[PDB]
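The block underneath contains the structure these notes are about, expressed in C-alpha cells.
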Amino acid sequence: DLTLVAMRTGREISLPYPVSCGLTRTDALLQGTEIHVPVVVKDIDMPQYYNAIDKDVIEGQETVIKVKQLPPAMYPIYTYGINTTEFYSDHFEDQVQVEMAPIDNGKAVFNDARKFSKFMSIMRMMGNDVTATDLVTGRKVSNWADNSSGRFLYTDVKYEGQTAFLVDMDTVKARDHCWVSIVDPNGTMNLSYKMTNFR
Amino acid sequence: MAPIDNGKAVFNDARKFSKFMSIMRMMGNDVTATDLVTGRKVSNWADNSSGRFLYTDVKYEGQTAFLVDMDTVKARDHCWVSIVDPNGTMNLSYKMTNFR
Amino acid sequence: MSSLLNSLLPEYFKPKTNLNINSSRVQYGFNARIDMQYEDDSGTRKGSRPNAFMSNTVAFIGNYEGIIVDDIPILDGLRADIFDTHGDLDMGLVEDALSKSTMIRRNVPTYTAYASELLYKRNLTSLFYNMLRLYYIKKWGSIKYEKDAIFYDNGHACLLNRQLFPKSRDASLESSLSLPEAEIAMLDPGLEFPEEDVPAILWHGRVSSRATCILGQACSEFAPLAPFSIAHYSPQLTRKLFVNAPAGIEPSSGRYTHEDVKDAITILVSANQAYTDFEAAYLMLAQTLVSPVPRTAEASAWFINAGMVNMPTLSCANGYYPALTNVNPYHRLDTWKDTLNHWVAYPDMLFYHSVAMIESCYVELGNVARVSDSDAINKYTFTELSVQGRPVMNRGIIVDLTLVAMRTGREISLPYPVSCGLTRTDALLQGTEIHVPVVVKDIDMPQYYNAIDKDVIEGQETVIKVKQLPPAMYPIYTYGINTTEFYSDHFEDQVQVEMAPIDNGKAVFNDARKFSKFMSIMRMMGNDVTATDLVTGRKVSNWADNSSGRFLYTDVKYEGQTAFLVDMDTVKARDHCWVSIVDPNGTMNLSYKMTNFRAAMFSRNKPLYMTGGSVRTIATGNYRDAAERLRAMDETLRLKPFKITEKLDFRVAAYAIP
Amino acid sequence: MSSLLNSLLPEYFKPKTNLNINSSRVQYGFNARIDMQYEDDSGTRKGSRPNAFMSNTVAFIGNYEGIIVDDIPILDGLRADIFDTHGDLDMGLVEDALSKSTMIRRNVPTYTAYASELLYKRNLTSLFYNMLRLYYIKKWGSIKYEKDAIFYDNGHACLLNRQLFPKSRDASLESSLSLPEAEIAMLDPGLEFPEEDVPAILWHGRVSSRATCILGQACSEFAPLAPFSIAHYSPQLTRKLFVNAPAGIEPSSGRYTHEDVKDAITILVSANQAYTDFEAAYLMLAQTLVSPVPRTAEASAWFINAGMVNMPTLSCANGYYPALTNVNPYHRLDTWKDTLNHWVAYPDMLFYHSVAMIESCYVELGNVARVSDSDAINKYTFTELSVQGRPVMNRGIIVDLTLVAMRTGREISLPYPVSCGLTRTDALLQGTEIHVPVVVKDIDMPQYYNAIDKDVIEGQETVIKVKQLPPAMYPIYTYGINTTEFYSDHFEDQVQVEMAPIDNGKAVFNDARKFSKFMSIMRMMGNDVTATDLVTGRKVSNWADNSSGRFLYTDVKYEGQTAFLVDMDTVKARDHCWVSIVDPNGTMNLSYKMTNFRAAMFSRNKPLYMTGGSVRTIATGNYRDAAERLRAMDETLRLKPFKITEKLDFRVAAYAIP
C-alpha cells in the first residue's frame, strides 16, 4: 500500500522498521482469471452494454456479468493534477479537434482511441448524452456510465479490440442543466474547458 | 499490413486501404473487402481496361472502416513477383518503360 | 534462452505471433532465384531458374524415454544477504537471516540444520517441463497418428509407422494420455520438522480449482499409446506436493483450458522466483518438441534406438522457510527474466526456435560422423575439449549447445552448468552396422540399396545395412553463415572440373573430389545422371533427395576408396533451363548467384500461412543500475567453437582450434 | 583439522557436496592417457590407451575395539580472566570470579574447595565421536553386509568374510546396532556438594524431545552384529549425565533423523565452547571410517587381529560452574572454529578426507617395513624423533599424523598434544610370522604363495605364512608429489634389457631394480610374463593385482639372491589395447608417458557421480568480513517511486525507473 502511494505522489516513503502487517488489496489482480459478479436487471436492453451471461433477460432477474480486466474503482480527486497521466486526463486545461467535412451527414468515425475518450468526456461536462456503436464487434458504449465524477474512462467500453467507433451527431440528447447545445454542426469541431478555483 | 485476427484484416484509415489494394492489383490478386458502415462488398477489379484502383470504386462518400477477406484472395494474373501472404511493412517499387 | 535461439533464424525472416499447426508434418524452406552461367570448349550458355524451392521436412513423431537423475542446484531467487563477498552460500549467514526474521527464536537451531541439507538440492526444471508439455497437448490436441501411414517414400524403398514404432495404435494427441492426479495437500504453518522426499512451493493468494488439477497431472506418470514428441514416457516426479498458501486450496475440478495452464506457470514462477529454472525447461523442450524426417532411407538409423531424456529430481524448500525468499533476490546475469517474458508474450514462437536448434545439431553431426578416430578432436573427445565449466556429466543440453557453437562459430554461455535434456549421440557412439527395416516397392531395389536379400518381390519386408551415418538434414535456416566444402552452401561460387574422355558411351572418374563437382554441376543444370560404382557394383544417382536440390557425396553409400563408371548416353532431361546442356566438352565452368530469398511453409500439401500481428522485440541491457561487472567467470558454463580445416582426402573431415 | 586433510587431495580433484553411497565398496582412482613404446633393432611398435583406470578398492568393514584411557585436559573454552600470563588456571581469580556471580552464597566456600580437582576435567572428545557415528549410521543406513561374500579373490587364492570375521550375522547397518538409552537427569542448582564421576554439560534454552534420545544413545555401549567400521565395539561412556538447563528436559521421543543429530552437535559446541574437542573427534573418525581392501592376498596380515581405538574418558564440570564460561573465551590458535564450520557446511566431504589419510599411512608403512632394525630411524623409533611436543603416550593420532608428514614432506601443527584414536602399527612392531587363512581355487597354488601344504585339492582351507608385510595400498592421490624408486610412480620411465641373438629369447636379470620396472611396464602393455628364480626354484607372475596394474618387488614373497630367468617365447597377450612382442632380437627399450588426469569413482560395477554445489576453501576471514559488513544498511523501509510513461497505443501502461 505504501509503494503504491510512492508511485502516485512521486516521493520517497521511509519507515523506521520494515513491518509487514495490515490489509492486502492486490488479490483479485494477481489471480489473473475471470470474476463472476451478480446483478439484478432493471431494463430489458441490458446485455448489449454489459458483457452479460444471457442475451435476453426479463426485468427483476438475477444475472451474472463476466469482468476480465479490472476497471478503476475510484477517480483521482485529492490527487488531481499533481502527477497527471493521459489515461485519467485530469488536466486543468484540455482540448480535442474532431475533423468532419460537410459531405458527411453528421457521421464521424474515430480511428484513434485517445481522442475518442476526450471527446466523449468533454461532451458529458457540456451535458450531452452521446451513444457510440463499434463497427467491428457491434456493441454500444454510453458516456453517461457514472453519477459521481462525470468523466468517461476508456475502460467503460468493457472490451479490448480494434478501434472503429461510429458516433451519429443527430441523436445527441441534452440531459443535464447548465449545458451548451450542439443543434447542427458543419465542418471541424473544437471543444475546450478551464478549471479556475477549488473549494 | 493490419493484424490478421481470424481470416480478416481491419483497415480503419482511408489512405492505407487505397495503397494496400493498389499494390495487390499490380501483383494481380483479386481481393474483396466488406464496408462495415453500409454493409456492401468492394472489389479492386472494378475496371478491366485500365489496370489501376481508384478510391471512388468504394461508392460511398463519407467516413468508414473496411474488413478485408484475406482467405478468399483469388489468383487471376500471376507474375513471379505475385505473393498471397503479406507480412509486416510492404514495399513495392515499379518502373514503366517501352511505351507504344 | 530466447536471445540465443532467436539469433539462429536468418536475418531476412521475422515470423509473426500465432501459427495454427493442423498436422503431424511441416515443410519449411525459401523460394530463391538462381542465375547460372556455363562455359566450356564448345562455347558459352547463359540461363536463369526463376523460382527454386529448397526445404527440409520436420514431424511431431519421436520415441523418447525419461530417467530421474540428480543434478546441480540452481541458486537464483534466494536473498542476496546469505551469500558472502564471493558467489558462495555460507551457512554462517543463513543462521543470521532466519534469526532476524522471527519472534519465536527456539526453532532457529532446528531450522538451520534442515535448511543446510535441502538448499544444495533445489530444482523446479522438471515441474515446468511437464507444465509446458500439458500447455501444447491442449493447444495442438487435434493431430492424428495413423499406424499404416508412410514415414519415408523415395520410389524404390518405403518405411511405414508399423516399423520404427511397434507397440503403437491409432489415436489423437488428446486421446494419447489419460493422466492420474497426485495429492496436492495444504502446509499448515506450525509444522516444525519438514517431511522428507516431499517438496513445498509458495503461491499468490488462493489456489484456484483449475490450478490444482494442472499441478496434480504435472507430477503424475506419462504413459502414451501413440508415439508423440510432447507426450513421451516420463517417470512419477513426486507422490505429494505441499503448497504454503495463506488461503486454503480448493478441490480438483477435472477439466482445464490451455489458457488456464499459462496462469498456473506465471504465478508459480513469480512467487518462487524460479526464472532460471524456467530457462532450463524452455531449452530442454526445444530439443524434444520436433524430430527430423530423414533426407534419405539410410538416415533412419538415427531414430531406431530410443534416446534418453535426463529429467532432474524435483526438490524445493521455499514453502517451509519463506524467510530465505525475499524482495532482494540473487541473480548472476541481469537478463535473467527475458526467457519467461518472451514465452508469456509469444507462446507459438517455440516452434521456430525448436526447428532452428534440431537443424543445427543434425547438420553438424553430418561432419562429426566423417571424422577419423585417430585425431585430437574426434566423436569421443569433442565435447570434453569444448566445455570450460564443471558439470556433473557431459550429457543432455551440453552436447547439443556444443554442436550449435561449432555450427554458428560463436561462444555460447549459460549462467549454471545444467546437464538435463535429450542425448542424441547414441547411434553414433557404437562400432556396429545398424539394421534399418524397409519395404520393397520396385523389383530393382537390391541394385541401389545395400540389401541382405539380393533377389526380392514387390511387397516383401527386407533389411538394409548402414555403416556410416549420413546427414539427416540439409542447411536451410543456417545457409551461408559458414560454408564447408562438403555441403557447398555458397551464395556465389565458381565450380571448375575437367571432363573425363568418353571412350564408348562411358566416362571413368577415378578421383573422388572431381566426381562430386561433376554431378553437382549436372544437377544444377537439371540432368538425371546415373553412374556404376566399380568396387561394389551398385548404381548411384544424383537425384536422391527431391526436397533439397543439391548432391552430397554420402549418396554413394560406400565409405572407402572406389572408381565410378558414368553412363553418358542415358542422361535424362527432368528439368531444363536455357543453360542446360547434355554434351560437356573439356574444362566445365559453372558460375551461379542466389538472390531474392523469401521463407515459405507447407503443411498437408497446401500453403501454411502465419496469422496474428508482428513480433515487437523484448530484451534487457547488461546493466539495470549495476556499477562494476563482478566477472564471476568460475562457475559459468562456456562452450568454445571449432573451425573445419579442409584437406586433400575430401571423404575425411578434420577440426582445429581457431 | 579440516585444513591439513584438505591439502592432501590432488590439484585436478574438484569435489562437490553430496555423494550418494549405496554400497559397502568404492573404487576411487583416476583416468590417464598412457603412450607406451617398444623400440628394438628390427623396429619400433607404438601403442596408446586413451582411458587407463588405476584404482584402490576401499570398504566400510573392519574389526576395531574401543578402550577408555586417561588423556590430557583441553583448556580452550574457559574465560580468559581466570588464566595467568603463562597460561594455567591461577586459583584465587577463580574464587574471585565465583564470588562476583549469580551463585547461591552458602555454596561458594564448598564449591571453591572442589574447583582444584573438577576444573581440570575437560575432555568431550568421546561424546562428539559417538554423536558423529550416529549421524552416518542413519544417513548411509541402507548398505548391506553378506556373510558368505568375497573379501578378496585373485584367481589362485580366495579369502571369504567368514574367515576374517567369525561370530558375524548378515544384516544392514541400520539393523546392526540396538542401542539402549542412558538416563539424562536435570541438574538442581541448589545441590549441596558437586558429585564427581558424573559429568554435567551446558545447554541453550530447552532440551528438545529428540536431543534427549540422541544424548541417551551416544553415552551407551555399542554391541554390533555385523563388523562395520562406523559401528565398532565401544564401552559405556557414562551411566548418568546431568544437563544444567533451567527449561526442563522433555522425555525421550524414541525416533530421530540424521538432520536432528546435526542440531544436537551445534547446540552442544556453542554452549560448552568446545571447538578443539570437536577437532580431535573429527580426526579420530577420519582414521576409522573406511578400511582398505588388501591389494594382494598376502596383504591381509594387517587386518587379522583387531586394532585398539583409544577413546578418552568422558569428563565435564561446566554444569557446576556456569559463571566460568562466557562470550570472551581463551584460545591458543585464532583459526579454532574452522573444523566445525567446515563439517556443518559439507558433511559428506569426510569420506574424501578419510581415504586421503589411510592412503597416506598404508603407503608409508609399506616402505617403513623394508628397513633393517640396525639403523637410526627404524621400525621402533620413527615416531620419537619426529614428535617435538609432550604427549602422554606416542599412540592414536600422533603415529598417523607423523606418517602423513613423511608422505607429503611438510610440518603438521596441532594446538594440543592429544593422543586418542586408532593405532595401526600393531602387526609391524610384533615382528613375528602371521597365519592368514585362504580357500584354494586351482591345484597349482603352493608354488606361487608360501603355503603350509605342498599338495592341496580345490575347495580346501589352507594357511599362508607372511613374514614381511607387503604394501596394502598403491599411491593414487599422492601420485608423483614425493616419488620413491620402490613404487616407481613417475610420469616418464624407461628400462633397457640387453640381449644378444646367440641367446634364444632367455634373459637373466642379475639386478633386482630393473627386473621390477620390466615386469611392471610389460603389464601396462597387456602381456602375461612368468619368471622363475634359479637359486630357490619358485615362480612369480606380474599379473598379481586387478586394481592398480603395477608390479611391486614384494610380490616375489621371498628375500634372497637375485637370478630371475624370463623366457620370452611364453609371453601371452591377456588384456585389450596392447602392443605385441612377436619375436624380439637384440636390445629392447620399453617406455611410457602419462599426460592428463581425470577423477573417476566406481561402485557396484557402475560409475558413481558427484552431485550438489561447488565446495570452496572456507577461511576464517570469509565469514567475519560479513560481520565487519554487519549488513550496515540501516533497516529502514525506503520505497522508491516509478513515473508512468505514455506511448502510441495508450491502452497498455509502461513504467520507467526514474
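Ligands are numbered from 1 in the order shown, chains are lettered A, B, ... in the order of the C-alpha cells, and residues start at 1 in each chain.
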For this session: Using DSSP on the backbone coordinates, identify the residues of stretch 110-169 of chain A assigned to alpha helix (DSSP H); present them as a list in words.
Result: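 Reading the DSSP output for stretch 110-169 of chain A, alpha helix (DSSP H) covers residues 114, 115, 116, 117, 118, 119, 120, 121, 122, 123, 124 and 125 of chain A.
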Exercise. Using only C-alpha atoms, which chain A residues lie at most 12 Å away from chain D, written as a PyMOL selection string?
Worked result: chain A and resi 1-20+69+83-89+112-115+117+153-155+157+159-163
Restricting it to C-alpha atoms, dump the selection as an mmCIF file, in the first residue's frame.
data_model
loop_
_atom_site.group_PDB
_atom_site.id
_atom_site.type_symbol
_atom_site.label_atom_id
_atom_site.label_comp_id
_atom_site.auth_asym_id
_atom_site.auth_seq_id
_atom_site.Cartn_x
_atom_site.Cartn_y
_atom_site.Cartn_z
ATOM 1 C CA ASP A 1 0.000 0.000 0.000
ATOM 2 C CA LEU A 2 2.945 2.404 0.817
ATOM 3 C CA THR A 3 4.769 1.536 -2.510
ATOM 4 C CA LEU A 4 1.526 2.409 -4.477
ATOM 5 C CA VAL A 5 1.362 5.823 -2.612
ATOM 6 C CA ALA A 6 5.092 6.424 -3.525
ATOM 7 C CA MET A 7 4.193 5.857 -7.262
ATOM 8 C CA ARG A 8 1.146 8.259 -7.022
ATOM 9 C CA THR A 9 2.781 11.284 -5.226
ATOM 10 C CA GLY A 10 6.272 10.554 -6.727
ATOM 11 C CA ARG A 11 8.271 10.814 -3.425
ATOM 12 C CA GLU A 12 10.415 8.506 -1.166
ATOM 13 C CA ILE A 13 8.442 6.988 1.817
ATOM 14 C CA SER A 14 10.692 5.993 4.819
ATOM 15 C CA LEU A 15 9.611 3.870 7.881
ATOM 16 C CA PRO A 16 11.910 3.079 10.877
ATOM 17 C CA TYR A 17 11.148 -0.734 10.967
ATOM 18 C CA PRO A 18 10.318 -2.947 7.914
ATOM 19 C CA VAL A 19 6.972 -4.186 9.442
ATOM 20 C CA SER A 20 4.658 -6.294 7.142
ATOM 21 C CA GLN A 69 -9.815 -6.613 -16.980
ATOM 22 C CA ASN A 83 1.118 13.665 -11.069
ATOM 23 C CA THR A 84 -1.089 13.751 -14.240
ATOM 24 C CA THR A 85 -1.377 10.761 -16.694
ATOM 25 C CA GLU A 86 -3.131 10.807 -20.151
ATOM 26 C CA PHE A 87 -5.420 7.805 -19.185
ATOM 27 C CA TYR A 88 -7.420 9.716 -16.466
ATOM 28 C CA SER A 89 -6.793 13.094 -18.291
ATOM 29 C CA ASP A 112 -7.760 6.927 -32.836
ATOM 30 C CA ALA A 113 -8.720 5.633 -29.309
ATOM 31 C CA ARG A 114 -7.087 8.536 -27.316
ATOM 32 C CA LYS A 115 -9.150 11.490 -28.755
ATOM 33 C CA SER A 117 -12.016 9.230 -24.861
ATOM 34 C CA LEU A 153 -12.576 6.480 -18.956
ATOM 35 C CA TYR A 154 -11.748 4.116 -21.921
ATOM 36 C CA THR A 155 -12.340 1.002 -19.654
ATOM 37 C CA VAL A 157 -16.104 0.017 -23.401
ATOM 38 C CA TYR A 159 -13.787 -4.878 -24.495
ATOM 39 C CA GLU A 160 -10.168 -4.767 -25.873
ATOM 40 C CA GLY A 161 -10.141 -4.995 -29.732
ATOM 41 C CA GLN A 162 -9.725 -2.812 -32.893
ATOM 42 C CA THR A 163 -10.916 0.865 -32.681
#
For this session: Would you mind writing down, as a PyMOL selection string, each residue of stretch 52-137 of chain A that DSSP on the backbone assigns to strand (DSSP E or B)?
Result: chain A and resi 52+62-67+93-98+107-110+128-129+131-134
Chain A residues within 12 Å of chain B, counting only C-alpha atoms: which ones, as a short mmCIF file (atom, residue, chain, number, x, y, z; two decimals) with N, CA, C and O atoms, in the first residue's frame?
data_model
loop_
_atom_site.label_atom_id
_atom_site.label_comp_id
_atom_site.auth_asym_id
_atom_site.auth_seq_id
_atom_site.Cartn_x
_atom_site.Cartn_y
_atom_site.Cartn_z
N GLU A 99 -12.39 16.21 -36.77
CA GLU A 99 -12.35 16.72 -38.16
C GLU A 99 -13.44 16.04 -38.99
O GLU A 99 -13.35 14.81 -39.19
N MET A 100 -14.45 16.81 -39.43
CA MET A 100 -15.59 16.36 -40.27
C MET A 100 -15.72 17.29 -41.48
O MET A 100 -15.39 18.49 -41.34
N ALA A 101 -16.19 16.76 -42.61
CA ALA A 101 -16.50 17.51 -43.86
C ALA A 101 -18.02 17.60 -44.03
O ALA A 101 -18.74 16.73 -43.55
N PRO A 102 -18.55 18.66 -44.70
CA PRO A 102 -19.99 18.76 -44.97
C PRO A 102 -20.61 17.60 -45.77
O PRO A 102 -21.80 17.38 -45.61
N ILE A 103 -19.82 16.91 -46.60
CA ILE A 103 -20.25 15.72 -47.40
C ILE A 103 -20.74 14.62 -46.45
O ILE A 103 -21.71 13.92 -46.82
N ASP A 104 -20.10 14.46 -45.29
CA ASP A 104 -20.54 13.55 -44.20
C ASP A 104 -21.76 14.18 -43.51
O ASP A 104 -21.65 15.35 -43.09
N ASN A 105 -22.86 13.43 -43.39
CA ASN A 105 -24.15 13.91 -42.82
C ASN A 105 -24.16 13.64 -41.31
O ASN A 105 -25.04 12.87 -40.84
N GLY A 106 -23.22 14.24 -40.58
CA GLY A 106 -23.11 14.18 -39.10
C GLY A 106 -22.28 13.01 -38.60
O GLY A 106 -21.80 13.09 -37.46
N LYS A 107 -22.10 11.96 -39.41
CA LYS A 107 -21.49 10.66 -39.00
C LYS A 107 -19.97 10.79 -39.03
O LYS A 107 -19.43 11.10 -40.11
N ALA A 108 -19.31 10.56 -37.89
CA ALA A 108 -17.83 10.62 -37.71
C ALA A 108 -17.32 9.29 -37.16
O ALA A 108 -17.93 8.77 -36.21
N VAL A 109 -16.23 8.77 -37.74
CA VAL A 109 -15.55 7.51 -37.32
C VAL A 109 -14.21 7.88 -36.67
O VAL A 109 -13.38 8.51 -37.35
N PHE A 110 -14.03 7.51 -35.39
CA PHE A 110 -12.79 7.74 -34.60
C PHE A 110 -11.85 6.54 -34.77
O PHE A 110 -12.05 5.51 -34.09
N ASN A 111 -10.86 6.67 -35.67
CA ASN A 111 -9.79 5.66 -35.89
C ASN A 111 -8.87 5.61 -34.66
O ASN A 111 -8.43 4.50 -34.30
N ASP A 112 -8.60 6.78 -34.06
CA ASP A 112 -7.76 6.93 -32.84
C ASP A 112 -8.63 6.68 -31.60
O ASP A 112 -9.80 7.12 -31.59
N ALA A 113 -8.06 6.00 -30.59
CA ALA A 113 -8.72 5.63 -29.31
C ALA A 113 -8.57 6.76 -28.28
O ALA A 113 -9.49 6.91 -27.45
N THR A 133 -21.36 3.38 -31.35
CA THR A 133 -21.52 1.95 -31.74
C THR A 133 -20.24 1.48 -32.45
O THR A 133 -19.84 2.14 -33.43
N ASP A 134 -19.63 0.40 -31.96
CA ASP A 134 -18.40 -0.21 -32.54
C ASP A 134 -18.76 -0.92 -33.85
O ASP A 134 -19.76 -1.67 -33.84
N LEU A 135 -17.98 -0.70 -34.91
CA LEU A 135 -18.27 -1.21 -36.28
C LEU A 135 -17.83 -2.67 -36.42
O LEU A 135 -18.52 -3.42 -37.14
N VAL A 136 -16.72 -3.06 -35.77
CA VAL A 136 -16.12 -4.42 -35.88
C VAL A 136 -17.00 -5.43 -35.13
O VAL A 136 -17.54 -6.35 -35.78
N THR A 137 -17.14 -5.25 -33.81
CA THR A 137 -17.86 -6.18 -32.89
C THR A 137 -19.37 -6.01 -33.06
O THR A 137 -20.05 -7.03 -33.32
N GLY A 138 -19.87 -4.77 -32.92
CA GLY A 138 -21.31 -4.43 -32.99
C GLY A 138 -21.93 -4.17 -31.63
O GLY A 138 -23.17 -4.26 -31.54
N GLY A 161 -10.20 -4.57 -28.32
CA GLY A 161 -10.14 -5.00 -29.73
C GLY A 161 -9.62 -3.88 -30.63
O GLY A 161 -8.82 -3.06 -30.15
N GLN A 162 -10.07 -3.86 -31.89
CA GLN A 162 -9.73 -2.81 -32.89
C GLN A 162 -10.71 -1.64 -32.75
O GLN A 162 -11.89 -1.89 -32.44
N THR A 163 -10.22 -0.42 -32.98
CA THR A 163 -10.92 0.87 -32.68
C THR A 163 -11.57 1.41 -33.96
O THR A 163 -10.83 1.90 -34.84
N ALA A 164 -12.90 1.32 -34.05
CA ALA A 164 -13.74 1.88 -35.14
C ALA A 164 -15.11 2.26 -34.58
O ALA A 164 -16.08 1.49 -34.78
N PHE A 165 -15.18 3.41 -33.90
CA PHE A 165 -16.39 3.92 -33.18
C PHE A 165 -17.15 4.89 -34.09
O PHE A 165 -16.66 6.01 -34.32
N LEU A 166 -18.33 4.47 -34.57
CA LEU A 166 -19.29 5.34 -35.32
C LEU A 166 -20.14 6.10 -34.29
O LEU A 166 -20.86 5.44 -33.53
N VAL A 167 -20.04 7.44 -34.29
CA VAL A 167 -20.91 8.35 -33.49
C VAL A 167 -21.77 9.16 -34.47
O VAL A 167 -21.20 9.83 -35.34
N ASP A 168 -23.10 9.03 -34.36
CA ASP A 168 -24.09 9.79 -35.16
C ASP A 168 -24.47 11.05 -34.39
O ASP A 168 -25.03 10.92 -33.28
#
Mind dumping a table of every chain D residue within 7 Å of chain C, with the nearest atom pair and its distance in Å to one decimal, using only C-alpha atoms, sorted by chain and rising number, as a Markdown table?
| residue | atom | partner | partner_atom | distance |
| --- | --- | --- | --- | --- |
| D:259 | CA | C:114 | CA | 5.9 |
| D:262 | CA | C:113 | CA | 6.1 |
| D:263 | CA | C:113 | CA | 5.6 |
| D:345 | CA | C:91 | CA | 6.2 |
| D:609 | CA | C:392 | CA | 6.8 |
| D:610 | CA | C:392 | CA | 6.6 |
| D:611 | CA | C:71 | CA | 6.0 |
| D:612 | CA | C:72 | CA | 4.8 |
| D:613 | CA | C:120 | CA | 5.9 |
| D:623 | CA | C:92 | CA | 6.8 |
| D:626 | CA | C:84 | CA | 6.6 |
Please report as CSV every residue of chain C lying within 12 Å of chain B, along with the nearest atom pair and their distance in Å (one decimal), using only C-alpha atoms.
residue,atom,partner,partner_atom,distance
C:12,CA,B:87,CA,11.8
C:13,CA,B:87,CA,10.1
C:14,CA,B:87,CA,8.8
C:15,CA,B:87,CA,8.4
C:16,CA,B:87,CA,7.8
C:17,CA,B:3,CA,10.0
C:18,CA,B:5,CA,9.5
C:19,CA,B:6,CA,11.5
C:20,CA,B:6,CA,10.5
C:31,CA,B:80,CA,10.6
C:32,CA,B:80,CA,11.3
C:33,CA,B:80,CA,10.2
C:49,CA,B:80,CA,11.3
C:50,CA,B:80,CA,7.5
C:51,CA,B:80,CA,7.7
C:52,CA,B:80,CA,11.4
C:596,CA,B:81,CA,10.2
C:598,CA,B:83,CA,10.2
C:599,CA,B:87,CA,10.9
C:600,CA,B:85,CA,9.7
C:601,CA,B:85,CA,11.3
C:607,CA,B:85,CA,9.8
C:608,CA,B:85,CA,9.8
C:609,CA,B:85,CA,6.8
C:610,CA,B:85,CA,8.2
C:611,CA,B:4,CA,5.7
C:612,CA,B:4,CA,5.2
C:613,CA,B:3,CA,4.4
C:614,CA,B:88,CA,6.3
C:615,CA,B:88,CA,9.5
C:616,CA,B:88,CA,11.1
For this session: Can you check the Cα RMSD once chain C has been least-squares fitted onto chain D over every paired atom, in order?
Result: 14.3 Å
Exercise. Contacts of stretch 27-42 of chain A at 8 Å or less, counting only C-alpha atoms, minus same-chain residues fewer than 2 places along, as number ranges by chain?
Worked result: A: 24-25, 44, 46, 57-68, 70; C: 204-205, 263, 267
Take the residues from that selection and write them out as a compact mmCIF listing (two decimals), in the first residue's frame, keeping C-alpha atoms.
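Output file part_7.txt is given in full below:
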# COMPACT_ATOMS: atom_id res chain seq x y z
CA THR A 24 -3.51 -6.85 1.23
CA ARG A 25 -5.55 -5.29 -1.67
CA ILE A 44 -34.73 -5.38 -20.78
CA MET A 46 -29.07 -4.57 -20.62
CA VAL A 57 -33.36 -11.27 -19.65
CA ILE A 58 -36.82 -10.12 -18.33
CA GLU A 59 -36.74 -7.30 -15.67
CA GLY A 60 -36.19 -8.36 -11.99
CA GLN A 61 -34.00 -11.42 -12.97
CA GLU A 62 -30.67 -12.22 -11.13
CA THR A 63 -27.93 -12.46 -13.87
CA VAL A 64 -24.04 -12.57 -13.91
CA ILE A 65 -21.53 -10.16 -15.65
CA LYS A 66 -18.10 -11.55 -16.81
CA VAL A 67 -15.34 -9.00 -15.81
CA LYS A 68 -11.89 -9.87 -17.36
CA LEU A 70 -10.43 -4.70 -13.67
CA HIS C 204 -0.10 -15.97 -4.61
CA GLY C 205 -3.47 -15.79 -2.74
CA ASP C 263 -1.97 -18.57 -15.42
CA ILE C 267 2.00 -17.43 -10.67
For this session: Name all residues at most 10 Å from residue D:451 (count only C-alpha atoms; drop same-chain ones fewer than 3 positions away) and give them as JSON, numbers by chain.
Result: {"D": [435, 438, 445, 446, 447, 448, 454, 455, 456, 462, 463, 464, 465, 466]}
Exercise. Atom CA of residue D:203 and atom CA of residue D:271 are how many Å apart?
Worked result: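 So the two atoms, atom CA of residue D:203 and atom CA of residue D:271, lie 5.5 Å apart.
Across the structure, atom CA of residue C:327 and atom CA of residue C:278 are spaced 19.4 Å apart.
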Problem set entry | Polymer residues at most 10 Å from stretch 15-26 of chain B, only C-alpha atoms, same-chain spacing of 4 or more positions, as a PyMOL selection string | chain B and resi 1-2+10-11+30-33+43-45+51-55+65-66+68+73+76-79+81-84+86+90-94
Problem set entry | Interatomic distance, atom CA of residue C:592 to atom CA of residue C:475 (Å, one decimal) |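 Atom CA of residue C:475 lies at a distance of 18.3 Å from atom CA of residue C:592.
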Exercise. Neighbours of residue C:167 within 12 Å (only C-alpha atoms; same-chain residues fewer than 4 positions away dropped), as a PyMOL selection string?
Worked result: chain C and resi 63+147+161-163+224-227
Problem set entry | All residues 10 Å or closer to residue C:5, only C-alpha atoms, same chain fewer than 2 positions away omitted, as a list in words | residues 1, 2, 3, 7, 8, 9, 283, 286, 350, 352, 353, 354, 355, 356, 357 and 404 of chain C
For this session: Could you tell me which of A:193, A:75, A:144, A:152 comes closest to residue A:176 if we count only C-alpha atoms?
Result: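 Of all the options, A:144 lies closest to residue A:176.
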